[PDB]
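Given as structure tokens, the chain that follows is alone and in the form deposited in one PDB entry.
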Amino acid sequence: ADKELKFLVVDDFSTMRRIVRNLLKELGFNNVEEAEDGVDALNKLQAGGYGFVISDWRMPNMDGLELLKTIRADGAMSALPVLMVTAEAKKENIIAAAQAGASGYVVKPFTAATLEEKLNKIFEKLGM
């Protein structure tokens, strides 16, 4: 995938944002921004330029499902790759996020390899 692709990592806890950010760096992605919740993420997305979004689920103000539904419902970013990286592991949740339009879904804790696979799987599905 184009290494200049701009990523937006969303999670209410920095620890996870730092993990995702550093992993993207390893894969060759340095154009990466962060966000602490759904609202904060929509704001930055509003500032245009993003081509991929990795997001957590449980977050205050606006959670990950709501954020995914928002992105998908907006014609200016409806096809925006959204990879869910959450600790929510119940199948009723994986179904909800998948049905809402999730590009992928990874459960915490995850390995470096798992993230790369799931990311490459997205790039492959969308021809990136």
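In case it trips you up, residue 1 is the first one in the sequence shown, and so on.
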Residue range whose averaged C-alpha B-factor is higher in the record, 56-64 or 26-34: 26-34
Which of 7-15 and 100-108 has higher mean CA B factor, as the PDB entry lists it: 7-15
Top Cα B factor in the deposited entry, candidates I95, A87, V82, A47: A47
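Another form, the form solved in complex with a partner chain, is not on view; read the next lines as being about it.
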is_contact(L27, its partner chain) in the deposited bound form, heavy atom dist at most 4.5 Å: no
